[PDB]
Amino acid sequence: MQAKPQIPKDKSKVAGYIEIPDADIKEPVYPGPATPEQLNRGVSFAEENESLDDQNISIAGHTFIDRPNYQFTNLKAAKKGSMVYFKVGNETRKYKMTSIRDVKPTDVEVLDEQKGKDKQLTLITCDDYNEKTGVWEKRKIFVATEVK
Ligand SMILES: *Sc1ccccc1C(=O)NCC(=O)N[C@]12C[C@H]3C[C@H](C[C@H](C3)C1)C2
């Protein structure tokens, strides 16, 4: 049998599986802190807390250009009323993409963050990425709130 997984630093393990049927997405999420390298290899958490038991789950990723091998390349299809399945081991947590918008760069304080939240996965999918100069023309923020 299995159990509730924890969030380690090792990026070889899978703590959760991100599955979005509308976008045919079925990709492993790489648990741990955010590192520039790993965020170019797949999707990892932005939260420094090893707790996936918390209601605030921030995950970071990158958009698609020439490479369809990014875990959210087809995220363009998914709508604000689709189903985001965050599978932790065997437990399937369904979230709805209630809050979707692609905002402008520079301003990280475009939205006010607080600890008064619901169960939401806060995915930071930068809709651009030049590693050379370290720039991105857009940050597409996607917040999925837990459904029952
Ligand atoms: S998209 C990207 C890629 C690499 C480094 C940094 C970023 C980036 O733009 N991140 C900043 C960011 O999204 N900041 C937050 C701050 C608050 C309010 C929003 C949602 C979340 C908590 C991340 C924007």
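Residues numbered from 1 in each chain as written, not as in the entry; some residues may be left out. Heavy atoms only, no water.

In its metadata, the entry names solution NMR as the structure determination method.

### Considering the sheet that holds strand β6 (residues 91-103)
The strand order across the open sheet built from 8 strands is β2-β1-β5-β6-β8-β7-β4-β3, with neighbouring strands paired in mixed fashion. Each of the sheet's edge strands pairs with one partner strand only, and the pair in question is β2 (25-29) and β3 (44-45). The pairing of strand β7 (residues 120-126) with strand β8 (residues 139-146) spans 7 bridges and is classified as antiparallel. Bridging from a neighbouring strand, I124 pairs with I141 of β8. (Pairing = 2+ DSSP bridges. Helix = DSSP H or I, 4+ residues; strand = E, 2+ residues; numbered from the N terminus.)

### Observations regarding the site of the ligand
Every residue lining the ligand is accounted for by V108, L111, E113, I124, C126, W136 and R139. One of the side-chain nitrogen or oxygen atoms of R139 is found 2.4 Å away from an oxygen atom of the ligand. The protein chains hide 67% of the 530 Å² of surface that the ligand would expose on its own. Looking at side-chain class alone, the shell around the ligand contains 5 nonpolar, no polar and 2 charged residues. (Near = heavy atom within 4 Å. Polar contact = N/O pair within 3.5 Å; in protein donor to acceptor, adjacent residues only side chain to side chain. Areas by Shrake-Rupley, 256 points an atom, 1.4 Å probe, with all protein chains shown as cover. Nonpolar A, V, L, I, M, F, W, Y, C, P; charged D, E, K, R; others polar.)

### Comments concerning the pairing of β8
For β8, a buried count of 6 out of 8 residues is recorded, marking the element as mostly surrounded by other parts of the structure. Here β6 runs beside β8; their pairing, made up of 7 bridges, is antiparallel. Within β8, the residue paired with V103 across the bridge is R139. (Buried < 20%, exposed > 50% of the residue type's maximum accessible area, 1.4 Å probe, protein only.)

### Here we look at the nonpolar core
Core analysis: the largest hydrophobic core is formed by 24 residues, its most contacted members being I20, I59, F72, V84 and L121. Put simply, the parts of the chain that give this core at least two residues each are β1 (16-20), β2, β4 (56-62), β5 (83-88), β6, β7 and β8. Ranked by the residues each element gives to this core, the list is headed by β5, at 3 residues. Excluding residues that lie within four positions of it along the chain, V84 makes contacts with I18, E19, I20, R93, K94, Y95, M97, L121, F142 and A144. (Core = buried A, V, L, I, M, F, W, Y, C linked by side-chain atoms within 4.5 Å. Contact = heavy atoms within 4.5 Å.)

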